[PDB]
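Asks: Quick one: this structure, given as structure tokens, is what I'll be asking you about.
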Protein chains: 2
Amino acid sequence: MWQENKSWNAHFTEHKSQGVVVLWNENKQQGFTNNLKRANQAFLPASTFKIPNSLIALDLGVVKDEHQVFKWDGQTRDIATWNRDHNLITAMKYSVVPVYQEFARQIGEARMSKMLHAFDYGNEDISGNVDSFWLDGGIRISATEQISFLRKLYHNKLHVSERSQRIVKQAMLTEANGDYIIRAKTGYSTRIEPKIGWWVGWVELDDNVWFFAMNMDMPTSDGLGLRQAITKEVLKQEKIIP
Amino acid sequence: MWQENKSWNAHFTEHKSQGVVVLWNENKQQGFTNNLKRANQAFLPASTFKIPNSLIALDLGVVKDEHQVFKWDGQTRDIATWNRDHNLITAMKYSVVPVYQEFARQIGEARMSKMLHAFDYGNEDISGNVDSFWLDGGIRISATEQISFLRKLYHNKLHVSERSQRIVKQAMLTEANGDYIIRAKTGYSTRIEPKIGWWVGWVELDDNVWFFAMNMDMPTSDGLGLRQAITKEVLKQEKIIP
Ligand SMILES: Nc1cc(S(=O)(=O)O)cc2cc(S(=O)(=O)O)cc(O)c12
Ligand SMILES: Nc1cc(S(=O)(=O)O)cc2cc(S(=O)(=O)O)cc(O)c12
Ligand SMILES: [Cl-]
Ligand SMILES: [Cl-]
């Protein structure tokens with residue numbers, strides 16, 4: 001059910017990088033990875049936690065819908081796209097942390113713990129601040145655990161309303177053309193070592209769905225584009241995308 | 001509220017074509033078109049009727065969800081992509097008429113007419129064959145009436161369940177990148193003159209949505225790509241997409 005394909009390491013080696021890419025063939029129920037050990041190594045989810053955070057916020061009514069505007073708090077921050085009004089779609093697209101920190105505070109630690117346990121999400125640990133535990137707290141999730149969570153979300157099997165799951169899957173939309181649809185979420189963990197970058201999601205084809213979860217060492221923010229580039233090179237080699 | 005911009009006609013003249021493009025700015029509540037008269041002239045919806053047909057099939061339970069497989073009936077047809085199994089997403093993507101003719105037969109004339117009346121869709125006339133009235137029957141819809149219908153769908157305002165509307169909006173996904181999301185449906189009306197090609201939908205931006213409905217004279221299937229091409233040129237001229 002799991003298979004190691006160490007040939008994908010050349011895509012990491014070419015860009016002087018190191019990480020793991022995990023693929024899941026939904027039709028055949030088979031998994032593939034270049035490093036089974038790192039595939040099961042649990043890291044801070046960083047901004048990939050915006051997927052479960054969105055689900056909980058929508059199911060609890062903290063977020064009314066994907067169109068509700070969340071005004072900029074006026075604090076000018078270092079990322080320019082953060083200093084503006086956002087809805088759920090654009091907050092996920094630009095990884096607007098302060099918007100989701102506001103969501104987490106309204107959710108509260110008690111409901112956040114209960115929901116993450118219902119989601120079977122990682123180690124289900126929210127130790128630290130309720131509005132930063134996915135950035136510098138105790139929550140840890142592996143690439144294979146991201147796949148298991150994403151597979152439940154795809155099939156609407158999470159312990160939330162179907163509506164919340166459909167809205168979040170819409171907000172995860174990243175790329176779409178005549179060949180494939182990518183619903184995914186980026187992540188960048190910097191507060192706690194090791195500094196890593198995430199990209200988790202799935203590729204929808206006409207007759208199949210390929211779930212993917214990747215993470216890689218990210219000492220500097222200059223290599224952040226390699227998350228999508230290395231993943232797409234693996235997808236191209238596997239004939240998943242042209 | 002409505003403004004005519006005849007400069008768009010140059011994009012039709014460049015390809016030796018004739019048609020109308022209707023744009024609606026949702027934030028500003030203004031509309032723009034190159035031909036006010038043709039914008040309100042009613043044509044056969046052709047495969048753009050797959051939007052309301054999908055909504056009706058979903059709300060009535062004829063289609064359970066976007067994953068239900070509709071098996072190929074075995075008859076080899078002219079369009080190769082039709083000679084295979086389909087779900088709601090691929091049937092919309094490839095405009096698989098035989099799949100939607102089966103939907104219309106299951107829906108029936110009484111339910112179809114009741115729903116189109118509730119939708120305020122076009123002239124609400126289902127006269128003709130139960131499984132082809134949108135291709136050669138009495139139903140007619142204008143480009144502005146398409147936008148009016150699409151605006152209700154975007155806001156989950158149609159009388160069907162919100163779930164049915166969210167599923168159809170997902171199935172309408174055509175293109176997505178870091179700049180915009182296009183949810184649209186193509187159409188090609190050939191059985192009754194004038195032969196016309198349709199493209200209706202909307203473009204999702206970060207803080208606005210531009211609804212569009214275009215139709216153009218289409219004597220042959222060779223120029224079907226001009227529907228998107230001319231629409232994109234108008235969108236680029238109005239600085240909606242880069
Ligand atoms: N929370 C964050 C997510 C992402 S994402 O590309 O994975 O979505 C990138 C980030 C980049 C920076 S910075 O170092 O460039 O200022 C800081 C962040 O907090 C980020
Ligand atoms: N139902 C149809 C929809 C479309 S669409 O691109 O507007 O969706 C194109 C079509 C082209 C042909 S043909 O002339 O190439 O045989 C035949 C069709 O039935 C079509
Ligand atoms: Cl979508
Ligand atoms: Cl032409």
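Order determines the names: the first chain of the structure tokens is A, the second B, and so forth; residues in each chain are numbered 1 upward, and ligands are numbered 1 upward as they are shown.
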For ligand 3, list the contacting residues at 8 Å or closer, counting only C-alpha atoms and all ligand atoms, as number ranges by chain.
Replies: A: 169-171, 173; B: 169-171, 173
Asks: Ligand 4: which residues are within 7 Å, counting only C-alpha atoms and all ligand atoms? Reply as a ChimeraX atom specification.
Replies: /B:15-17,217-219,223
Asks: Show me which residues sit within 9 Å of ligand 1 when counting only C-alpha atoms and all ligand atoms, and put them as a PDB file with C-alpha atoms, in the first residue's frame.
Replies:
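selection.pdb was written with the following content:
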```pdb
ATOM      1  CA  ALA A  46       2.276  25.982   9.944  1.00  0.00           C
ATOM      2  CA  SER A  47      -0.190  27.570   7.517  1.00  0.00           C
ATOM      3  CA  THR A  48      -1.491  24.172   6.392  1.00  0.00           C
ATOM      4  CA  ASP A  78       5.780  42.837   6.893  1.00  0.00           C
ATOM      5  CA  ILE A  79       3.727  40.989   4.239  1.00  0.00           C
ATOM      6  CA  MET A  92      -6.218  31.206   2.682  1.00  0.00           C
ATOM      7  CA  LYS A  93      -4.677  32.230  -0.652  1.00  0.00           C
ATOM      8  CA  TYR A  94      -2.291  34.739   0.962  1.00  0.00           C
ATOM      9  CA  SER A  95      -1.913  32.783   4.246  1.00  0.00           C
ATOM     10  CA  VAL A  96      -3.104  35.783   6.261  1.00  0.00           C
ATOM     11  CA  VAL A  97      -2.102  34.592   9.733  1.00  0.00           C
ATOM     12  CA  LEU A 135       3.149  28.111  14.432  1.00  0.00           C
ATOM     13  CA  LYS A 185      -2.483  24.795   0.923  1.00  0.00           C
ATOM     14  CA  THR A 186       1.051  26.088   1.405  1.00  0.00           C
ATOM     15  CA  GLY A 187       2.857  26.193   4.726  1.00  0.00           C
ATOM     16  CA  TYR A 188       6.059  27.740   6.085  1.00  0.00           C
ATOM     17  CA  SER A 189       7.257  26.833   9.589  1.00  0.00           C
ATOM     18  CA  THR A 190       9.931  29.250  10.822  1.00  0.00           C
ATOM     19  CA  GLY A 197       7.974  24.444   3.931  1.00  0.00           C
ATOM     20  CA  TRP A 198       4.741  22.547   3.300  1.00  0.00           C
ATOM     21  CA  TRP A 199       2.460  21.902   0.354  1.00  0.00           C
ATOM     22  CA  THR A 220      15.545  30.778   3.732  1.00  0.00           C
ATOM     23  CA  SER A 221      12.344  32.123   2.212  1.00  0.00           C
ATOM     24  CA  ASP A 222      14.041  32.283  -1.210  1.00  0.00           C
ATOM     25  CA  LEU A 224       9.612  28.752  -1.132  1.00  0.00           C
ATOM     26  CA  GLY A 225       8.752  28.355  -4.820  1.00  0.00           C
ATOM     27  CA  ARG A 227       7.540  23.480  -2.899  1.00  0.00           C
TER      28      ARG A 227
END
```
Asks: Could you tell me, as a tab-separated table (two decimals) with N, CA and C atoms, in the first residue's frame, which residues of region 85-217 of chain A DSSP assigns to alpha helix (DSSP H) when given the backbone?
Replies:
```tsv
chain	number	residue	atom	x	y	z
A	88	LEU	N	-12.58	34.55	3.39
A	88	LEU	CA	-11.96	33.24	3.61
A	88	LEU	C	-11.12	32.82	2.41
A	89	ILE	N	-11.58	33.13	1.20
A	89	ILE	CA	-10.86	32.73	-0.01
A	89	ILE	C	-9.49	33.39	-0.05
A	90	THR	N	-9.44	34.72	0.12
A	90	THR	CA	-8.17	35.42	-0.01
A	90	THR	C	-7.29	35.24	1.22
A	91	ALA	N	-7.89	35.04	2.39
A	91	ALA	CA	-7.08	34.79	3.59
A	91	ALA	C	-6.31	33.49	3.46
A	92	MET	N	-6.93	32.45	2.90
A	92	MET	CA	-6.22	31.21	2.68
A	92	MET	C	-5.20	31.35	1.56
A	93	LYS	N	-5.56	32.08	0.50
A	93	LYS	CA	-4.68	32.23	-0.65
A	93	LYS	C	-3.38	32.93	-0.27
A	97	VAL	N	-2.10	35.12	8.37
A	97	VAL	CA	-2.10	34.59	9.73
A	97	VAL	C	-2.98	35.40	10.68
A	98	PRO	N	-2.90	36.74	10.74
A	98	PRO	CA	-3.70	37.46	11.74
A	98	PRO	C	-5.19	37.23	11.61
A	99	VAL	N	-5.69	36.99	10.40
A	99	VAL	CA	-7.11	36.68	10.24
A	99	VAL	C	-7.44	35.35	10.91
A	100	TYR	N	-6.60	34.34	10.71
A	100	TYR	CA	-6.87	33.03	11.29
A	100	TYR	C	-6.56	32.99	12.78
A	101	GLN	N	-5.66	33.85	13.26
A	101	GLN	CA	-5.47	33.98	14.70
A	101	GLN	C	-6.73	34.53	15.35
A	102	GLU	N	-7.41	35.46	14.66
A	102	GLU	CA	-8.70	35.94	15.14
A	102	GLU	C	-9.73	34.82	15.16
A	103	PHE	N	-9.75	33.98	14.12
A	103	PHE	CA	-10.65	32.83	14.11
A	103	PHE	C	-10.38	31.93	15.32
A	104	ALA	N	-9.11	31.62	15.57
A	104	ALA	CA	-8.77	30.67	16.62
A	104	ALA	C	-9.16	31.19	18.00
A	105	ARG	N	-9.00	32.50	18.22
A	105	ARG	CA	-9.39	33.07	19.51
A	105	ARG	C	-10.89	32.95	19.74
A	106	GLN	N	-11.70	33.13	18.69
A	106	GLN	CA	-13.15	32.99	18.84
A	106	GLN	C	-13.54	31.53	19.02
A	107	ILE	N	-12.86	30.62	18.32
A	107	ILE	CA	-13.11	29.19	18.52
A	107	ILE	C	-12.85	28.81	19.97
A	108	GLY	N	-11.73	29.26	20.52
A	108	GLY	CA	-11.35	28.94	21.87
A	108	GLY	C	-10.64	27.60	21.97
A	109	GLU	N	-9.85	27.45	23.04
A	109	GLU	CA	-9.03	26.25	23.20
A	109	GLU	C	-9.89	25.01	23.40
A	110	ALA	N	-11.01	25.13	24.12
A	110	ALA	CA	-11.83	23.96	24.41
A	110	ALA	C	-12.42	23.38	23.13
A	111	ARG	N	-13.05	24.22	22.31
A	111	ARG	CA	-13.65	23.73	21.08
A	111	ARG	C	-12.59	23.33	20.06
A	112	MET	N	-11.44	24.01	20.06
A	112	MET	CA	-10.38	23.64	19.13
A	112	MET	C	-9.83	22.25	19.45
A	113	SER	N	-9.66	21.94	20.73
A	113	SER	CA	-9.18	20.62	21.13
A	113	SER	C	-10.18	19.53	20.75
A	114	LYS	N	-11.46	19.76	21.05
A	114	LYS	CA	-12.49	18.77	20.73
A	114	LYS	C	-12.54	18.50	19.23
A	115	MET	N	-12.46	19.55	18.41
A	115	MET	CA	-12.58	19.37	16.97
A	115	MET	C	-11.37	18.65	16.39
A	116	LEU	N	-10.17	19.02	16.83
A	116	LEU	CA	-8.97	18.35	16.33
A	116	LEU	C	-8.96	16.88	16.71
A	117	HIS	N	-9.48	16.54	17.90
A	117	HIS	CA	-9.62	15.13	18.26
A	117	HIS	C	-10.64	14.44	17.35
A	118	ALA	N	-11.76	15.12	17.06
A	118	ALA	CA	-12.73	14.55	16.14
A	118	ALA	C	-12.16	14.41	14.73
A	119	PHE	N	-11.26	15.31	14.34
A	119	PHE	CA	-10.61	15.23	13.04
A	119	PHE	C	-9.49	14.19	12.99
A	133	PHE	N	-0.60	28.04	18.20
A	133	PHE	CA	-0.05	26.72	18.48
A	133	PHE	C	0.39	25.99	17.22
A	134	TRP	N	-0.22	26.30	16.08
A	134	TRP	CA	0.20	25.70	14.82
A	134	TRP	C	1.46	26.34	14.25
A	135	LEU	N	1.91	27.45	14.83
A	135	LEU	CA	3.15	28.11	14.43
A	135	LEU	C	4.29	27.87	15.40
A	136	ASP	N	4.01	27.78	16.71
A	136	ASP	CA	5.08	27.57	17.68
A	136	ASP	C	4.63	26.77	18.90
A	143	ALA	N	3.36	13.98	6.93
A	143	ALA	CA	2.85	14.03	5.56
A	143	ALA	C	1.77	12.98	5.33
A	144	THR	N	1.98	11.76	5.84
A	144	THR	CA	0.95	10.74	5.69
A	144	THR	C	-0.30	11.08	6.49
A	145	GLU	N	-0.13	11.71	7.66
A	145	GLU	CA	-1.30	12.14	8.43
A	145	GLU	C	-2.04	13.26	7.72
A	146	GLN	N	-1.33	14.13	7.01
A	146	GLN	CA	-1.99	15.14	6.19
A	146	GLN	C	-2.83	14.48	5.10
A	147	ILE	N	-2.32	13.39	4.50
A	147	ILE	CA	-3.08	12.68	3.48
A	147	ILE	C	-4.36	12.11	4.06
A	148	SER	N	-4.25	11.44	5.22
A	148	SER	CA	-5.43	10.85	5.84
A	148	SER	C	-6.48	11.91	6.14
A	149	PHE	N	-6.05	13.07	6.63
A	149	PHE	CA	-6.98	14.16	6.88
A	149	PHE	C	-7.59	14.69	5.59
A	150	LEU	N	-6.76	14.90	4.56
A	150	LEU	CA	-7.27	15.42	3.29
A	150	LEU	C	-8.21	14.43	2.61
A	151	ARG	N	-7.94	13.13	2.74
A	151	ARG	CA	-8.83	12.13	2.14
A	151	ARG	C	-10.22	12.19	2.77
A	152	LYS	N	-10.28	12.37	4.09
A	152	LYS	CA	-11.58	12.51	4.74
A	152	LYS	C	-12.29	13.77	4.28
A	153	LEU	N	-11.54	14.88	4.15
A	153	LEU	CA	-12.14	16.12	3.68
A	153	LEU	C	-12.67	15.97	2.26
A	154	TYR	N	-11.92	15.29	1.39
A	154	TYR	CA	-12.37	15.09	0.02
A	154	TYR	C	-13.69	14.34	-0.02
A	162	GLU	N	-21.32	18.98	5.83
A	162	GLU	CA	-20.87	18.90	4.44
A	162	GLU	C	-20.63	20.30	3.87
A	163	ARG	N	-21.45	21.27	4.27
A	163	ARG	CA	-21.30	22.63	3.76
A	163	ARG	C	-19.93	23.21	4.12
A	164	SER	N	-19.50	23.04	5.38
A	164	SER	CA	-18.19	23.54	5.79
A	164	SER	C	-17.09	22.91	4.95
A	165	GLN	N	-17.19	21.61	4.68
A	165	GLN	CA	-16.16	20.93	3.92
A	165	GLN	C	-16.16	21.38	2.46
A	166	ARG	N	-17.34	21.62	1.89
A	166	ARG	CA	-17.39	22.10	0.51
A	166	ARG	C	-16.82	23.51	0.39
A	167	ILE	N	-17.09	24.37	1.37
A	167	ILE	CA	-16.56	25.73	1.34
A	167	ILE	C	-15.04	25.72	1.44
A	168	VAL	N	-14.50	24.89	2.34
A	168	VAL	CA	-13.05	24.84	2.52
A	168	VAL	C	-12.38	24.28	1.27
A	169	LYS	N	-12.95	23.23	0.68
A	169	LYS	CA	-12.39	22.69	-0.55
A	169	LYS	C	-12.43	23.72	-1.67
A	170	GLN	N	-13.47	24.56	-1.70
A	170	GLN	CA	-13.49	25.66	-2.66
A	170	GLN	C	-12.37	26.66	-2.37
A	171	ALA	N	-12.18	27.00	-1.09
A	171	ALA	CA	-11.13	27.94	-0.71
A	171	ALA	C	-9.73	27.39	-0.96
```
Asks: Select residues of chain A: the criterion is any atom within 6 Å of an atom of chain B, counting only C-alpha atoms; output as JSON, numbers by chain.
Replies: {"A": [175, 176, 177]}
Asks: For residue 13 (chain B), please output as number ranges by chain all residues within 12 Å (counting only C-alpha atoms; exclusion window: fewer than 5 positions along the same chain).
Replies: B: 6-8, 18-20, 216, 226, 230
Asks: Go ahead and dump the residues you just picked, N, CA and C atoms, as a tab-separated table (two decimals), in the first residue's frame.
Replies:
```tsv
chain	number	residue	atom	x	y	z
B	6	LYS	N	-18.90	50.23	-27.62
B	6	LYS	CA	-18.75	49.68	-28.96
B	6	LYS	C	-17.30	49.42	-29.33
B	7	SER	N	-16.34	49.82	-28.50
B	7	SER	CA	-14.94	49.51	-28.79
B	7	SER	C	-14.68	48.01	-28.76
B	8	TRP	N	-15.49	47.26	-28.02
B	8	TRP	CA	-15.34	45.81	-27.98
B	8	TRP	C	-15.62	45.17	-29.34
B	18	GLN	N	-19.18	38.13	-35.39
B	18	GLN	CA	-20.26	39.01	-34.94
B	18	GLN	C	-20.86	38.40	-33.68
B	19	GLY	N	-21.03	39.22	-32.65
B	19	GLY	CA	-21.59	38.72	-31.41
B	19	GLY	C	-21.73	39.82	-30.38
B	20	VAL	N	-22.03	39.40	-29.16
B	20	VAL	CA	-22.24	40.32	-28.04
B	20	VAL	C	-21.51	39.77	-26.82
B	216	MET	N	-22.22	34.55	-30.00
B	216	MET	CA	-21.66	35.02	-31.26
B	216	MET	C	-22.11	34.08	-32.37
B	226	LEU	N	-13.09	30.88	-30.47
B	226	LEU	CA	-13.21	32.34	-30.42
B	226	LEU	C	-14.12	32.81	-29.29
B	230	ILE	N	-12.30	35.83	-27.68
B	230	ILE	CA	-12.85	37.17	-27.75
B	230	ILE	C	-13.25	37.65	-26.36
```
Asks: What's the 9 Å shell around residue 73 (chain B), counting only C-alpha atoms, without same-chain residues fewer than 2 positions away, as a PyMOL selection string?
Replies: chain B and resi 70-71+75-76+83-85+98
Asks: Could you dump the residues just selected with N, CA and C atoms as a PDB file, in the first residue's frame?
Replies:
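Resulting contents of part25.pdb:
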```pdb
ATOM      1  N   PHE B  70     -22.112   7.995 -14.413  1.00  0.00           N
ATOM      2  CA  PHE B  70     -23.132   7.728 -15.419  1.00  0.00           C
ATOM      3  C   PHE B  70     -22.478   6.917 -16.532  1.00  0.00           C
ATOM      4  N   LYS B  71     -22.799   5.628 -16.583  1.00  0.00           N
ATOM      5  CA  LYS B  71     -22.108   4.715 -17.482  1.00  0.00           C
ATOM      6  C   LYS B  71     -22.408   5.046 -18.937  1.00  0.00           C
ATOM      7  N   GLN B  75     -23.253   3.296 -27.223  1.00  0.00           N
ATOM      8  CA  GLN B  75     -23.391   3.843 -28.567  1.00  0.00           C
ATOM      9  C   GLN B  75     -22.218   4.770 -28.858  1.00  0.00           C
ATOM     10  N   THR B  76     -21.442   4.442 -29.887  1.00  0.00           N
ATOM     11  CA  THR B  76     -20.311   5.272 -30.280  1.00  0.00           C
ATOM     12  C   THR B  76     -20.823   6.519 -30.992  1.00  0.00           C
ATOM     13  N   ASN B  83     -17.811   9.026 -25.432  1.00  0.00           N
ATOM     14  CA  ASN B  83     -17.858   7.564 -25.454  1.00  0.00           C
ATOM     15  C   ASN B  83     -17.068   6.978 -24.282  1.00  0.00           C
ATOM     16  N   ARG B  84     -17.509   7.327 -23.077  1.00  0.00           N
ATOM     17  CA  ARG B  84     -16.858   6.875 -21.853  1.00  0.00           C
ATOM     18  C   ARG B  84     -17.777   7.189 -20.681  1.00  0.00           C
ATOM     19  N   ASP B  85     -17.409   6.667 -19.514  1.00  0.00           N
ATOM     20  CA  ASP B  85     -18.147   6.965 -18.295  1.00  0.00           C
ATOM     21  C   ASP B  85     -17.921   8.415 -17.882  1.00  0.00           C
ATOM     22  N   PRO B  98     -25.747  13.387 -24.134  1.00  0.00           N
ATOM     23  CA  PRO B  98     -26.551  12.202 -23.784  1.00  0.00           C
ATOM     24  C   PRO B  98     -26.725  11.999 -22.290  1.00  0.00           C
TER      25      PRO B  98
END
```
Asks: If you measure from CA of residue 211 (chain B) to CA of residue 26 (chain B), what distance in Å do you get, rounded to one decimal?
Replies: 7.4 Å
Asks: Would you mind reading off the distance between CA of residue 25 (chain A) and CA of residue 204 (chain A), one decimal, in Å?
Replies: 10.8 Å
Asks: May I have the residues within 8 Å of residue 31 (chain A) as a VMD selection string, using only C-alpha atoms and disregarding those fewer than 6 positions away in the same chain?
Replies: chain A and resid 1 to 3 22 to 25
Asks: Selected residues, N, CA and C atoms, written as a compact mmCIF listing (two decimals), in the first residue's frame, please.
Replies:
```
# COMPACT_ATOMS: atom_id res chain seq x y z
N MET A 1 0.83 -1.20 0.00
CA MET A 1 0.00 0.00 0.00
C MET A 1 0.86 1.26 0.00
N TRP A 2 2.06 1.15 0.57
CA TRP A 2 3.05 2.21 0.53
C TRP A 2 4.28 1.72 -0.22
N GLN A 3 4.85 2.59 -1.05
CA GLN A 3 5.97 2.22 -1.90
C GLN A 3 6.98 3.36 -1.94
N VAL A 22 4.83 12.85 -0.85
CA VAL A 22 3.95 11.69 -0.65
C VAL A 22 2.78 11.83 -1.60
N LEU A 23 2.52 10.78 -2.38
CA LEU A 23 1.39 10.72 -3.28
C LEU A 23 0.47 9.58 -2.88
N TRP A 24 -0.83 9.77 -3.08
CA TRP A 24 -1.82 8.74 -2.81
C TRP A 24 -2.74 8.60 -4.01
N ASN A 25 -2.66 7.45 -4.68
CA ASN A 25 -3.58 7.11 -5.76
C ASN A 25 -4.90 6.66 -5.14
```
